[PDB]
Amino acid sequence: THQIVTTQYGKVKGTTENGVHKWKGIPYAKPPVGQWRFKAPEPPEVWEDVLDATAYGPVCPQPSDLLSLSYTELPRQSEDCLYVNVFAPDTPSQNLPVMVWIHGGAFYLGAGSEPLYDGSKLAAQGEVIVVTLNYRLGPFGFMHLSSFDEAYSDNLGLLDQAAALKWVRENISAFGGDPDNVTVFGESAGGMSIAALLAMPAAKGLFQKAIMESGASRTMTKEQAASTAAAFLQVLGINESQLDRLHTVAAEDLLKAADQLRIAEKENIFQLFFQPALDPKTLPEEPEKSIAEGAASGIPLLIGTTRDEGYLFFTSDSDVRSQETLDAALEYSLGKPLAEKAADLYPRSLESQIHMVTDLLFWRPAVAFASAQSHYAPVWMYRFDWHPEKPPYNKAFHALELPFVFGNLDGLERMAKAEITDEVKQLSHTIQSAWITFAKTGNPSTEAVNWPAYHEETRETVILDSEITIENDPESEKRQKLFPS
C-alpha cells in the first residue's frame, strides 16, 4: 500500500487519500524545450531512483484567461509540462477500465490538472482508473511549421496526446488498469482532438472506446497552416535562414507573437484560431471522412452536445454580424446548395448567430460524426439540457456538463453560480454512472437510463436533465435543412 510503481522510465511513488491512490506529475515525454521545441514528443530520460509523484507538474504557458477562472491559486507555467496524473480506486479488483481525459480550451488554454478535472470522485464511485494529462498548447503545440523544416512536426499537441495514450498502453497495467480497455474522453477542443485521434496514424491501436463531448471533426487546411506559420515567423522577425532562433526565443515572446496574430485577425463567430491542421504525416485527411470510411471500426462511441452551446459565445450586448458573415460561415460549414437553402434559417440577429454557433460548430458536426461511425461501431448520442432556472445563467451553456461528469460540483458555482441541490447531485450521479458503465462495457445504460443505440434510421437520442427522456430524431426539421436532400 505504499504506492511505488515502476514505469518504463523508472519508479514513481504516490499516495492514498480517502480510498483513492494518486500519482501526480509523472513525466511521459522529454521536456519539449530548446532543440526539442516544435518537434514530435521524445521519450523522457530514464531515472534510477524513486520519483516523488505527489504534486502536479507545470502547465503549458498560456494567457491567464482560463487559469484565472479555473484556479483559486494559479499554477506554475513552463514548456516543461508533459506530465500525466493517475487516480485509482483502492480496491482488490484488477484490470480496471481506464478513462483518459483530454481537456478543452480552444487549443491554447487549459490543463489536465485543473481542479475541475480531479479524478478522485470518478475513480472512487466507478471503480475505474482516471488519467489526466497536459499537451502542448497555442504557439507551442498548434503552430504548424512543417513548411519551414521537415524536422518539425505539425499537430504537436495531438502528437503529445497520442504519446500520453501510448504511455498509458505501456504502463497502466502497473497501476492496476487494463491496457486493452482504455476509453479516451474529452470536451470542446478535447472532443475535437479525439475526432482526430480516432483517425491519426500516431494513435492507431492506443484506445478501445471514445467519448466526445461538444466536439467533433475540426481542422484548418494545410495551406492555412502554412500561411499562418509564415505570418508567425514574420512577427518574430525570423527568416528562413534564421530558424535556429525558433529554439532560443523566449516562451513569452512566442505567446506575444501568437496574441498579436489573433488581434490582427477579425474574430469570427466560432472564435476559432488554433486548431488541428491537415498534414500528410500527422493528419492526412478530415477526421469525419476517415471515420466515414471505417478508420475507427469497432470502437464504441458516446457523443453529444448541450442544447445551448452558443450562449457562451456571445453576450446580450454582442454586436450583430452581417448576413454576409453568416452566409460565409454557412458556405464554409455546409457547402454549395446546403448554404443556399437553409440560409433562411439564420436571418441577421443576435439569436441567429448564437444558433449558428450551436448548430454549425457543435450539433451538425456531432450528428455527422455519430452517423458516420454508426456504420462501423455502436454509437450512443445525448443532448444535455440542464441549467438553473434563474437568469442570466439559465442556459445549457457550452461545457456546463463537465461538473456533472467529474462530480466536482464546485465548478457549477463558477460556471453558473448554481447551488448544489439534490437534483444536481442526482443528475451528476446519473451522468457519471453512464460514463462509467460505457467505459466498462461499451454501453452507457444504467438503472436510470436504457440507452438506445444511435443509427441513421431512427436517430434515437438521450436527453440528459433532472428527468431523463428520449427523443427520436430530435430537431428533425433542422437536420433536413443542414444535410443533403
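Quick note: we count residues from 1 along the sequence shown, nothing fancier.
When the two stretches 227 to 235 and 125 to 133 are set side by side, the higher mean Cα temperature factor goes to 227 to 235. Per-stretch averaging of Cα B factors for 110 to 118 and 68 to 76 places 68 to 76 on top.
Taking only the listed residues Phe362, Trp386, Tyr346, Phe397, the entry reports the highest CA temperature factor at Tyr346. Considering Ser374, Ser188, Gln323, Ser217 together, the PDB entry gives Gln323 the largest C-alpha B factor. Sorting the modelled residues of the chain by their CA temperature factor places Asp279 in the lowest third. Sort the chain's modelled residues by C-alpha temperature factor and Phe207 lands in the lowest third, per the entry. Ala199: CA B factor lies in the middle third for its chain, per the PDB record.
Among the modelled residues of its chain, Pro403 has a C-alpha B-factor that falls in the lowest third, as given in the PDB entry. In the deposited entry, the Cα temperature factor of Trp47 places it in the highest third of its chain's modelled residues.
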